[PDB]
Each structure stands twice: as C-alpha cells, then as structure tokens.
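A.B. asks: Once you've had a glance at the structure underneath, I'll fire off some questions.
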Amino acid sequence: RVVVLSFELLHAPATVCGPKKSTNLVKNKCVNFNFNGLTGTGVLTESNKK
Amino acid sequence: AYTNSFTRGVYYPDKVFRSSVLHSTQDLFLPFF
Ligand SMILES: *[C@@H]1O[C@H](CO)[C@@H](O)[C@H](O)[C@H]1NC(C)=O
C-alpha cells in the first residue's frame with residue numbers, strides 16, 4: 001500500500017500547517033520571523049501596500 | 001466571422017505581489033492582435 005503526498009509549496013494562503021503553535025507579533029523591532037513556514041529575520045512595520 | 005484580439009488573453013502568472021517592476025514569464029498566453 002503506497003500513498004504519495006504531493007505538496008504545493010507556498011504561493012497562496014496556507015491551509016495545511018504543522019502542529020507548531022503560533023506566537024504574538026511584535027512590530028518595529030528586529031525579530032526572527034516565521035510566516036507560514038517562510039523564515040527570515042527583519043523588522044516588521046505597518047505598510048500601505050494592497 | 002472573425003475578429004482581432006485587441007490586447008487580450010493575459011493572466012497573472014502566479015500569486016506573488018510585485019510592484020513597480022517589469023517581470024518576464026514564458027507560459028501559454030493568447031498573443032496580442
Ligand atoms: C482573420 O485572419 C485572416 C488571415 O490573417 C484575415 O485574412 C482575415 O481577414 C481575418 N479576419 C477578419 C475578420 O479580418
């Protein structure tokens with residue numbers, strides 16, 4: 001019995017995420033962020049993009 | 001009857017937000033005119 005799990009890696013709103021719990025968001029400080037599995041480090045600020 | 005496709009048949013190639021940039025993509029689109 002074989003099941004192949006095909007993954008569409010992220011390009012649209014995510015709906016199937018692992019058991020990792022979310023945290024609160026802190027703005028205007030240098031942080032190590034992880035948004036829907038996309039990781040990086042930087043300062044998160046409000047924006048006027050749409 | 002036939003007509004001229006007047007600047008039509010272009011779609012957003014992906015779901016990534018881009019602005020103030022010219023992005024080149026190759027895929028199946030309807031050619032202009
Ligand atoms: C459709 O294309 C052919 C060849 O390019 C052209 O001769 C014909 O006139 C076109 N149709 C119309 C309505 O112009």
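In the structure tokens, chains take letters A, B, ... by order of appearance, with residues numbered from 1 within each chain and ligands from 1 in the order shown.
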Show me which residues sit within 7 Å of ligand 1 when counting only C-alpha atoms and all ligand atoms, and put them as number ranges by chain.
C.D. replies: B: 1-4
A.B. asks: If we count only C-alpha atoms, what is near residue 43 (chain A) at a cut-off of 6 Å, once residues fewer than 2 positions away on the same chain are taken out, given as a list in words?
C.D. replies: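 Selected residues are residues 28, 29 and 30 of chain A.
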A.B. asks: Tell me as a ChimeraX atom specification which residues belonging to chain B come within 8 Å of chain A, counting only C-alpha atoms.
C.D. replies: /B:14-16
A.B. asks: Considering only C-alpha atoms, return as a PyMOL selection string whatever protein or nucleic-acid residues lie within 12 Å of residue 33 (chain B), sequence-local ones (same chain, fewer than 3 positions apart) excluded.
C.D. replies: chain B and resi 3-9+30
A.B. asks: Take the residues from that selection and write them out as an mmCIF file, in the first residue's frame, keeping N, CA and C atoms.
C.D. replies:
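Final output, result-v4.cif:
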```
data_model
loop_
_atom_site.group_PDB
_atom_site.id
_atom_site.type_symbol
_atom_site.label_atom_id
_atom_site.label_comp_id
_atom_site.auth_asym_id
_atom_site.auth_seq_id
_atom_site.Cartn_x
_atom_site.Cartn_y
_atom_site.Cartn_z
ATOM 1 N N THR B 3 -12.662 38.127 -35.541
ATOM 2 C CA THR B 3 -12.209 39.460 -35.147
ATOM 3 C C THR B 3 -10.746 39.396 -34.682
ATOM 4 N N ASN B 4 -10.162 40.569 -34.447
ATOM 5 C CA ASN B 4 -8.796 40.790 -33.987
ATOM 6 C C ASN B 4 -8.740 40.880 -32.465
ATOM 7 N N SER B 5 -7.990 39.995 -31.812
ATOM 8 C CA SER B 5 -7.914 40.026 -30.350
ATOM 9 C C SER B 5 -7.141 41.288 -29.979
ATOM 10 N N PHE B 6 -7.897 42.315 -29.590
ATOM 11 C CA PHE B 6 -7.370 43.641 -29.266
ATOM 12 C C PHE B 6 -6.832 43.721 -27.843
ATOM 13 N N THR B 7 -5.557 43.382 -27.678
ATOM 14 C CA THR B 7 -4.869 43.359 -26.382
ATOM 15 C C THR B 7 -5.596 42.522 -25.325
ATOM 16 N N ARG B 8 -5.694 41.206 -25.559
ATOM 17 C CA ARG B 8 -6.377 40.306 -24.628
ATOM 18 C C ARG B 8 -5.692 38.957 -24.457
ATOM 19 N N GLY B 9 -6.025 38.278 -23.347
ATOM 20 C CA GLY B 9 -5.545 36.930 -23.087
ATOM 21 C C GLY B 9 -4.326 36.794 -22.198
ATOM 22 N N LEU B 30 -2.583 34.054 -24.840
ATOM 23 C CA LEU B 30 -3.076 34.399 -26.172
ATOM 24 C C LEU B 30 -2.300 35.590 -26.745
#
```
A.B. asks: Neighbours of residue 41 (chain A) within 7 Å (only C-alpha atoms; same-chain residues fewer than 5 positions away dropped), as a PyMOL selection string?
C.D. replies: chain A and resi 31-33
A.B. asks: Can you list, as an mmCIF file with N, CA and C atoms, in the first residue's frame, every residue of chain A that DSSP puts in strand (DSSP E)?
C.D. replies:
```cif
data_model
loop_
_atom_site.group_PDB
_atom_site.id
_atom_site.type_symbol
_atom_site.label_atom_id
_atom_site.label_comp_id
_atom_site.auth_asym_id
_atom_site.auth_seq_id
_atom_site.Cartn_x
_atom_site.Cartn_y
_atom_site.Cartn_z
ATOM 1 N N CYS A 30 13.756 44.284 15.511
ATOM 2 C CA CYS A 30 14.390 43.240 14.711
ATOM 3 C C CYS A 30 14.025 41.896 15.316
ATOM 4 N N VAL A 31 13.330 41.048 14.554
ATOM 5 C CA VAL A 31 12.883 39.752 15.048
ATOM 6 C C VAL A 31 13.210 38.678 14.028
ATOM 7 N N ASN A 32 13.253 37.442 14.515
ATOM 8 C CA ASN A 32 13.439 36.258 13.687
ATOM 9 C C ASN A 32 12.043 35.692 13.455
ATOM 10 N N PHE A 33 11.495 35.925 12.270
ATOM 11 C CA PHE A 33 10.108 35.597 11.990
ATOM 12 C C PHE A 33 9.991 34.326 11.158
ATOM 13 N N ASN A 34 8.809 33.717 11.277
ATOM 14 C CA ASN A 34 8.411 32.542 10.510
ATOM 15 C C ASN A 34 6.936 32.736 10.168
ATOM 16 N N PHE A 35 6.657 33.088 8.916
ATOM 17 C CA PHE A 35 5.297 33.297 8.424
ATOM 18 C C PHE A 35 4.929 32.170 7.471
ATOM 19 N N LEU A 38 7.754 30.314 5.935
ATOM 20 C CA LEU A 38 8.768 31.129 5.268
ATOM 21 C C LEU A 38 9.487 31.840 6.387
ATOM 22 N N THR A 39 10.794 31.639 6.477
ATOM 23 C CA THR A 39 11.543 32.162 7.597
ATOM 24 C C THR A 39 12.475 33.274 7.144
ATOM 25 N N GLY A 40 12.882 34.093 8.105
ATOM 26 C CA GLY A 40 13.844 35.149 7.860
ATOM 27 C C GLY A 40 13.911 36.030 9.083
ATOM 28 N N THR A 41 14.805 37.014 9.028
ATOM 29 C CA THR A 41 14.995 37.965 10.116
ATOM 30 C C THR A 41 14.842 39.396 9.617
ATOM 31 N N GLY A 42 14.112 40.211 10.363
ATOM 32 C CA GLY A 42 13.926 41.597 9.987
ATOM 33 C C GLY A 42 12.916 42.284 10.884
ATOM 34 N N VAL A 43 12.766 43.590 10.648
ATOM 35 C CA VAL A 43 11.815 44.428 11.369
ATOM 36 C C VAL A 43 10.535 44.548 10.547
#
```
A.B. asks: Between CA of residue 27 (chain A) and CA of residue 45 (chain A), what is the spacing in Å?
C.D. replies: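 Going from CA of residue 45 (chain A) over to CA of residue 27 (chain A) covers 5.7 Å.
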A.B. asks: Identify, on the basis of only C-alpha atoms, every residue whose closest approach to residue 7 (chain A) does not exceed 12 Å; exclude the query and any residue fewer than 5 positions from it along the same chain; express the result as a VMD selection string.
C.D. replies: chain A and resid 14 to 17
A.B. asks: Record the distance separating CA of residue 13 (chain B) and CA of residue 5 (chain A), expressed in Å with one decimal.
C.D. replies: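 Atom-to-atom, CA of residue 13 (chain B) and CA of residue 5 (chain A) are spaced 24.9 Å apart.
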A.B. asks: May I ask for the distance between CA of residue 28 (chain B) and CA of residue 10 (chain B), given in Å to one decimal place?
C.D. replies: 9.3 Å
